[PDB]
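1. model the structure of this input:
(8 chains, ligands or ions: 6)
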Amino acid sequence: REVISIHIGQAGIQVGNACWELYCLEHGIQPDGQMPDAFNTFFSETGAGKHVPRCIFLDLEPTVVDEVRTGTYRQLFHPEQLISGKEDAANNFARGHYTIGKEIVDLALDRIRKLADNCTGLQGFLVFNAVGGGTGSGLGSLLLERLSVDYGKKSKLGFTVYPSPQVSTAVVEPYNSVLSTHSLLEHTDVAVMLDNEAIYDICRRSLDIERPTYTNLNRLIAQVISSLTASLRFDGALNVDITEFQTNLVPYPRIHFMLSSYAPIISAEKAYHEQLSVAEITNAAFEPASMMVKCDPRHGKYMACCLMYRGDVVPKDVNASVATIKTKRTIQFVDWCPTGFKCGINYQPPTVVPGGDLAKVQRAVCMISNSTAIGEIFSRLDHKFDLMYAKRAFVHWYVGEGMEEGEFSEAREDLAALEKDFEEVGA
Amino acid sequence: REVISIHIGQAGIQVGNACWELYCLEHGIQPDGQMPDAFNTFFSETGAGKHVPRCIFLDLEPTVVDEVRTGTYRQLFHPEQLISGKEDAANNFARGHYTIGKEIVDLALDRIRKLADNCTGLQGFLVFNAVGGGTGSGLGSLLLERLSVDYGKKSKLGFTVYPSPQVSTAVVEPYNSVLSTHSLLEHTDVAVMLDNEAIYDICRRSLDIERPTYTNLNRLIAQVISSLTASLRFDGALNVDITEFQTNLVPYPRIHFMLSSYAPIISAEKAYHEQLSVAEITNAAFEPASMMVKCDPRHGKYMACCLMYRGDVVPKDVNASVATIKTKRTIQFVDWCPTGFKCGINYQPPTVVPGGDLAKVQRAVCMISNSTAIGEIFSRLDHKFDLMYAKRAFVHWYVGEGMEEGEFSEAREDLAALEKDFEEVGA
Amino acid sequence: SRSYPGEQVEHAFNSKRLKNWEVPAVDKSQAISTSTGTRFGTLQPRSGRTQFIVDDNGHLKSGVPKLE
Amino acid sequence: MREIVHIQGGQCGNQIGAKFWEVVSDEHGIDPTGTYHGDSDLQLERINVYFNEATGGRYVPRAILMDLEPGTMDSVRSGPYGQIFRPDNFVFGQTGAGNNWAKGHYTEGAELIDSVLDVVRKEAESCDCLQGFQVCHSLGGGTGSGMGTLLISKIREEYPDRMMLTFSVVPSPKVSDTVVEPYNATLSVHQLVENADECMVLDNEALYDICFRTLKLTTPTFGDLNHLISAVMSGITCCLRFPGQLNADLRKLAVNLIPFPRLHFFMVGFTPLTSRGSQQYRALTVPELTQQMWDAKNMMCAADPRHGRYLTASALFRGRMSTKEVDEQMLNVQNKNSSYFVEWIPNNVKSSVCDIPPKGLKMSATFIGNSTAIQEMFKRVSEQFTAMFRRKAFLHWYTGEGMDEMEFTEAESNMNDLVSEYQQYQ
Amino acid sequence: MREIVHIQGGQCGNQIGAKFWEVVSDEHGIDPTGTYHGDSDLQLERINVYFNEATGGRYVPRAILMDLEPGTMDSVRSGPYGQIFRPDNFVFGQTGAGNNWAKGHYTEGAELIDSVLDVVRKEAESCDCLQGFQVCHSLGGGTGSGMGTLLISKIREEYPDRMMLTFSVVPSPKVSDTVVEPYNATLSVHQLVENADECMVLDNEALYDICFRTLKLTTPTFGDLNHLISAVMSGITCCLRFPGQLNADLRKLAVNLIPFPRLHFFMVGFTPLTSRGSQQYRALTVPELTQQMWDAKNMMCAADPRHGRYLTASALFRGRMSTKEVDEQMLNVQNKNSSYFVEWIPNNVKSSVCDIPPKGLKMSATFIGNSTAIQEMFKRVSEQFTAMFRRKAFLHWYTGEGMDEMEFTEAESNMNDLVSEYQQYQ
Amino acid sequence: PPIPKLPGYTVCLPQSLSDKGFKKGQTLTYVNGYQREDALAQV
Amino acid sequence: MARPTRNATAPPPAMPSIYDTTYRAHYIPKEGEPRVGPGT
Amino acid sequence: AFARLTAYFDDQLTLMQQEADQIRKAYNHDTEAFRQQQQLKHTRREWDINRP
Ligand SMILES: Nc1nc2c(ncn2[C@@H]2O[C@H](COP(=O)(O)OP(=O)(O)OP(=O)(O)O)[C@@H](O)[C@H]2O)c(=O)[nH]1
Ligand SMILES: Nc1nc2c(ncn2[C@@H]2O[C@H](COP(=O)(O)OP(=O)(O)OP(=O)(O)O)[C@@H](O)[C@H]2O)c(=O)[nH]1
Ligand SMILES: Nc1nc2c(ncn2[C@@H]2O[C@H](COP(=O)(O)OP(=O)(O)O)[C@@H](O)[C@H]2O)c(=O)[nH]1
Ligand SMILES: Nc1nc2c(ncn2[C@@H]2O[C@H](COP(=O)(O)OP(=O)(O)O)[C@@H](O)[C@H]2O)c(=O)[nH]1
Ligand SMILES: [Mg+2]
Ligand SMILES: [Mg+2]
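-> Residues are numbered from 1 along each chain as shown, chains lettered A, B, ... in the order given. Ligands and ions are numbered 1, 2, ... in the order given. Please see the structure below:
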């Protein structure tokens, strides 16, 4: 039951740095690489006394890859799994998609084929990238395209990091995000957005860290991924595999964009102050203040919802909470889906990392829901892509590295068509 | 049973030095020549406690032969076995084929006859040479002609080093290679190509040696030959002799050119990191970048494959790996053979040399296969021979030594006929 | 090359069971023309003797067609 | 003598079957190792209905575990009484359906049903006089409903005479585990109305209500729910497994319960169920058993019995009891509620008695009521099915696998006409 | 009294014979050094069939090991039970077959067949009442297929009335151990259909299927497959070596299994073959033996027997049993499968019983099924042969050694009309 | 009681390692002689 | 850094013997009905 | 009695298989130790040229 993860870009491999530390701590594997068979879905055991992860970090800037190579987990990672180039795409989708992508994707696919060949019960691939950059956008999209054409129907779970509405780090990220989502439409099976200002708000408000960095953000992302694969890793009252999200959250082949949320996210003092029960954690998982995406479903309609429960959870009270949520009309569902819920339960509570900020709890919930506030997000992004595209700014770059105006026009009109798609579906 | 090896040229006798060092290490024979009966296929036992290798190093420059004569293996080699001339061919196939070869071939043939009537169960001859030189090309071809007319039916394997596509240490090497192949066509029964640039790429990628010398190349060539001939010396579940390749690897009398690959060529760190079992070593054997000839099997179609397995190997997993290779769509065979595989298994794991680069492994695989990528290599060589022969460059050297343009024209037409043969046979 | 039905072992020779996990090679199994059309089927019986469509040393005759 | 083979499909089926086999093994007195250590010789005489003797008092169940994912089988095998299942009966895939009826009935079925059929054929030919098949599954999943349904169809095609029980756990509106629950359930019912012999409809909301109100438990886990279901199954087969005053086998129950061949969907309860403190405050009499057996807040489905008419009913009693009291109670209950029983069938109730109570209990009962109030559930599922299908939501996941829209239309037609016939007979 | 002369050809033949002789030595209680150490004198009674007394309880096998390279014989002699074989019986070749039917059948045979025939004649006329010859070899190799084939032809020409058994391992496309598999196999079977009396077809595909589905081993080296084949042939010949209630010798089996002279290709199976984890969960009864015997998963050929009709079948049982159970199981299995048995032959199954089971086993069985499904593997070899022969692939290695293409054409025609007559009789 | 020689009765050791070794002995050979040779089987 | 086990079985004290032919198992020396003298 | 004899044989085989597995683990540890002891990168005939 092995699932393999591929990290594309500087954000992707830092998220990988957090996730793999979490996995080693969960399965009791020392950073040197050996314990002092649940591990089998993430690590493969080589010979005697050594476990190597099933992942590849692929990137173009070598600085962070050599940081990984000379960090603490020097021996945990196989040397060939760490793919590094020599020069960046420099926030250029064209440069990372046509010039250097066509040189690096071949080796990336060559290593992924070996990982899949070693795999036995492959659940699917899952990708970690931020669409705002150049590498993870361009060659991330290229790698997804070729992986889809090579494997066809395997589940490709994309944990994408979209740019925040107001907080930004670049200027060409509208271009990059539009040109990446255009190709993400036809190839990604399940896609989950992750904004940065939402996680910043979560850390500032609930985890009361007044000066957070990317490390805390990656830690929360790793917590989410661990909660989402806990069903495969450990046995529970009602276990779930990765394949079920495709069938239970994607009513139409183009509508795969889901809002991730997690609860509780509490400090070591708020943990002492308040008790955590299934009813209140389910209620809090529906708040806009605990979402991983900066959007409000108050204006949207819940097309579907998936609830993952970890720890001291029984089915009766989760049924009761879901029933009360449905009976109350505070949130409303699309009338073409009265059966809009999917529950799953696992026994193991989430683990705590030394030096972390979360306190250990009895129970936790991860929501992956699908609504139309994502349709609001896409139009909001199209606004600021349109503004800069009106005067053809920064487009001379993309044309020089090898794109043309046809691709820009087709991507923008594809996003407009997706807007009309969402408008009609939400009716 | 006995098989004897003859080495012609600077490359031939150096790879012979490496191969004989490996043989002595394998059979536990001291450099003096005595142990502190599998040696019977390589070393003849004289008197009491003395083993003489069944080989001849023949060359024209005294320097490299005297290097062996004064090396650490003074007592191992019989003095008469080391044939040496007085003046070089100087990268001149014609000079080595008519002016010095006619003077050295009689003594070489006398020594070969003495070795042959000394041995009893002669399996065959195996020749080492590089076709780019003069001595290894001209008098080497002459000696193969005389061997064919003297014995004929006995197997004569060739492990020949063709000049690299772009990496070159000569200028008239296209002429030498074409004129050597024109005579090698109807005298060599099975020929295996060895390309220095392909071996350089293998060492750079897998053995992570940034600046290897010819010793590493010779060491891994010795590993390949030992792996493919170890079934005569060590008992195995499914053994195989030299005569098998003639029948099971050559579909037509003039199509005898074989691409060779070996796996695992893995350093000591990646060996500790990665598990080596039958499935992944079989996949690495068929992986195009691990071929020891600088070409691509994807551009062509497979004719037949031979898989030697050494060490801890059971039949079931090699059968399953063969089935997986068959069902994989990445590679395809010619439309003739539904059974294009020949497997062989030997118990003895490969040995290691002190100061070498290959880590000790439990199992190993050597693949020898046939395709039309050989035709692609021949076309590339023919183009750059044509470029030079169009303007009559360097022809005066051969004309002055004693050949004529008839040989050039007939060799060019023969190579064109070879190209047509590959094109029609692969249909 | 082609993969003939095994009639007892093809269940274990399924591509997914062999850890292939990509889209498998269907040409080798469709160029065989079984009775059923799938990999669980029986071959067609043959009769007579096969002529030499090729000339010597592997050169196709002029009359027989080929891909270019 | 008369033989029942067990077939468990999906995670729900596997867990329910694990609890069922624990219960039955304890009842026959075999240890978790698998050896016999019982006291009375009444336990030996009828173990062949479920078990097979291997070597010196070693009995293995006559069960077929079946799913598409290793996880549920590993969870079942790790726990106690997981060492008695024979590994050759673990027919077992590797990919996983994913709540897809098409995947579990057209793609993975075509490659797993050969081994499933081989195992079931071996296990059904090993015995001498097969009584019937007993299948346990849920109608919401893909590998439970699709795979088990295809197996049901093939088994009915092969052995068209023997009996067939289907313990099916249907969905209910309040908690809907999968978004494709009606798409799965409509097709499963389409196949069940023409292949299954009799079906026992279980419902998780009803089980939650029982464990909440009646048992007054705090954390009613799936272990407890599956134990209740296992008790129901054991009470069904008790008359076959033990001697009784008035014997009644599976075929007898089916013929006395089913008036017309398409009306074979029953609603089930179990007695006695008393709260952890109120156990001492109640009596153990046949009236005390029946006055809870006929209760609406005790049945294990989301169907109110007083919204319709009892077509037929069946009561299986266990314990040293009096037939006079049994018959008097049945007649009194039928007469008092004279408006909930169909007019053209006098004595709508079939009753039977067995003399071996469940372990630790003096007396017990089980109820199987074929009523016309289950068309409520059928209409409720049909409305959701039509609601999504009219607009073609979630349809590509079924269409792009081989299925057409004619399958959906014909399944809708069969469900609708079954609703109509239940209505006319009401 | 009746004498079986063993012949091993090629690498596979040599290894199979080594394992066979080890198994027979253990069964008869003769230690690897060659002295008798048995417990009951039932073993001493029939040791002349396989052994000759040399000097004070020194018994040597009546076997001839033959091939074109002493490489395999060196390992065979170096391994255990290596001193039992007489040094004179070995036959040597210095050139080697090189997987060439021509090299094994026309060039090296022409000079080594005189020696092998002298050895065979001496060994066969040393005894007084010969029963027949038993040759084990391959159909894909060079010195096992061709040279053994020419030995078969010579032996049939010299001693036409004595029995002949040929255990031949056939190739499969999936296990492509060599490239000229069709060229060797087609001509080998073309010679066998005209020379050999009866051929046992074996294949590594079915061997692996057995050792992973029934045995469930982890690393089944060639030793396990050779042990399987050795146990099979030992069960075949056990009737000659031990008294039984209903004896059946080689000629009796051949006449009861062969309806027409060209229909002498059988599929074989052995039972019981259970995993060590299931030996605790199963029993050992005649119905259990028969169920495993008739399962197609226990067959040892690349042809599902239920693709056609069983012409004849034979079951040799070992151990103390009841003939009533034996024949009732035979009748039941023949009547239940009315579509897999030919109509114009009543009582398709011939059964025999022997009272001496193999050491460590209470009861055992061996199956020989003359069915019409072997034409499937014949077709799968013939089509490969035609595909290669259409375009002269690898044909020069055969043409330049002496034979004509008329050989290939006639072999193709014989194999084609043979599969045609199988189809006619089906 | 010795373990019987049945198909399922064998331990699984690594094939690469053996105490005796994997040298192939030349116990069976030919004498060099002349165009007619003699087979020799040595103990 | 921060399973059921069973004891091995013993061979039976009464070792089974496979060398029991039907003839020798069913045909052993037997005696019965000594002759009775005639009456007077 | 026959069933018990078979059970005894199976248990003996399982014990010997456990011993063989221990031997396999020891063999893997031994070859890894040899690799780390003599096969390390800085012990080569080209380490002088390829030295960092
Ligand atoms: N949530 C989160 N986002 C990150 C993190 N690191 C980088 N990012 C985002 O990544 C975007 C830019 O992409 P990078 O990952 O920095 O680099 P890149 O993807 O390789 O793109 P190039 O710089 O052109 O090579 C920025 O807008 C950041 O918001 C991180 O640790 N956590
Ligand atoms: N792989 C490998 N190739 C070698 C080696 N030494 C020489 N060569 C090849 O041999 C070619 C030149 O011919 P040499 O063998 O060096 O000398 P020669 O064959 O005697 O020809 P002359 O110069 O006339 O003496 C070069 O292009 C090399 O590719 C070696 O040690 N290893
Ligand atoms: N009574 C009972 N119901 C269960 C159990 N496990 C799952 N279910 C029910 O089964 C439904 C979903 O089953 P599902 O996971 O789709 O089974 P699958 O076909 O194997 O995927 C849910 O509505 C649960 O209520 C169990 O152990 N006991
Ligand atoms: N079962 C089994 N088959 C074997 C063994 N050795 C070889 N074979 C089969 O024999 C075939 C090769 O025959 P080969 O040894 O080349 O025949 P030869 O050249 O005439 O000696 C392969 O397809 C193998 O499947 C063995 O030890 N056991
Ligand atoms: Mg970057
Ligand atoms: Mg030179």
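2. need the contact list for residue 50.
-> All of this refers to chain A. Applying Cβ atoms under 8 Å, 6 or more residues apart in numbering or on different chains to residue A:50 gives the contacts A:33-34, B:272-273. For every residue, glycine as well, the C-beta is placed using N, CA and C.
3. oops, wrong one, chain C.
-> Residue C:50 sits next to E:386, E:389-390, E:409, E:412 when contact means Cβ under 8 Å, 6+ apart.
4. next secondary structure after the strand or helix carrying residue A:325?
-> Assessed by DSSP states H and E, residue A:325 sits inside helix A:315-327. As assigned by DSSP H and E, the chain's next helix or strand after helix A:315-327 is strand A:341-346.
5. contacts for the following helix or strand past that next one?
-> Under the assignment DSSP H and E, the closest C-terminal helix or strand after strand A:341-346 is strand A:363-370. Contact partners of strand A:363-370, identified using Cβ under 8 Å, 6+ apart, comprise A:192, A:224, A:227-228, A:245, A:249-251, A:255-264, A:276-278, A:281-282, A:285-286, A:297, A:302-313, A:349-350.
6. which PyMOL command selects the buried ones in these?
-> Burial among those is assessed by 16 or more other Cβ atoms under 10 Å in any protein chain shown; the matching PyMOL selection reads:
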select buried, chain A and resi 192+224+227+228+245+249+250+251+255+256+257+258+259+260+261+262+263+264+276+278+281+282+285+286+297+302+303+304+305+306+307+308+309+310+311+313+349+350
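7. returning to that earlier point: can you pick out the most distant pair from the contacts of residue C:50?
-> Greatest spatial distance in the contacts of residue C:50: E:390 and E:409, 12.0 Å, computed using Cβ to Cβ.
8. which of the contacts of residue C:50 come close to chain H?
-> Among the contacts of residue C:50, not one lies near chain H by Cβ under 8 Å from any Cβ of the partner chain.
9. spit out the contact partners of residue A:122.
-> Counting by Cβ under 8 Å, 6+ apart, residue A:122 touches A:2-4, A:116, A:154, C:21.
10. wait, a helix at it?
-> No: counting by DSSP: H, G, I helix; E, B strand; the rest coil, one finds residue A:122 to be coil, located in no helix.
11. show the buried residues in the contacts of residue C:50.
-> Applying 16+ other Cβ under 10 Å to those, the neighbour count classes E:386, E:389, E:412 as buried.
12. with adjacent residues omitted, what lies nearest to the last one?
-> In this case it means residue E:412. Among residues not flanking residue E:412 along the chain, residue C:49 sits closest, at 5.7 Å (Cβ to Cβ, 6 or more residues apart in numbering or on different chains).
13. so residue D:165, which of the three states?
-> Secondary structure assignment for residue D:165 (three-state DSSP): strand.
14. so what's the residue count around it?
-> 24 (other Cβ atoms under 10 Å in any protein chain shown).
15. nearest spatial neighbour of it, chain-adjacent residues omitted?
-> residue D:134 (4.4 Å).
16. redo the buried ones among the contacts of residue C:50 as CSV? Include distance to ligand 4 and secondary structure.
-> Below are these laid out as CSV (distance: Cβ to the nearest ligand atom, whole Å; DSSP: H, G, I helix; E, B strand; the rest coil):
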residue, distance to ligand 4, secondary structure
E:386, 21, helix
E:389, 20, helix
E:412, 22, helix
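17. okay, buried residues for stretch D:216-234 please.
-> By neighbour count on 16+ other Cβ under 10 Å, the buried set for stretch D:216-234 is D:220, D:222, D:224-234.
18. is it up against ligand 3 anywhere?
-> Yes: Stretch D:216-234 comes into contact with ligand 3 (Cβ under 6 Å from any ligand atom), by way of D:222, D:225-226, D:229.
19. what helix or strand is residue D:381 on?
-> Going by DSSP H and E, residue D:381 is in helix D:375-389.
20. next, the buried residues of stretch H:2-17.
-> H:2-13, H:17.
21. which one of those residues sits closest to ligand 2?
-> Using Cβ to the nearest ligand atom, the shortest approach to ligand 2 within the buried residues of stretch H:2-17 belongs to residue H:17, at 47.0 Å.
22. give the contact list for that closest one.
-> Residues near residue H:17 by Cβ under 8 Å, 6+ apart: F:11-12.
23. run the last query once more with 10 Å
-> By Cβ atoms under 10 Å, 6 or more residues apart in numbering or on different chains, the residues touching residue H:17 are E:218, E:276, F:10-13.
24. now chain H against chain G: closest residue?
-> With distances taken as Cβ to the nearest Cβ, chain H approaches chain G most closely at residue H:11, which sits 3.9 Å away.
25. how about the nearest residue to that residue, chain neighbours excluded?
-> Per Cβ to Cβ, 6+ apart, closest to residue H:11 is residue G:8, 3.9 Å.
26. and that neighbour, how far is that from residue D:181?
-> Distance from residue G:8 to residue D:181, counting by Cβ to Cβ, to the nearest Å: 51 Å.
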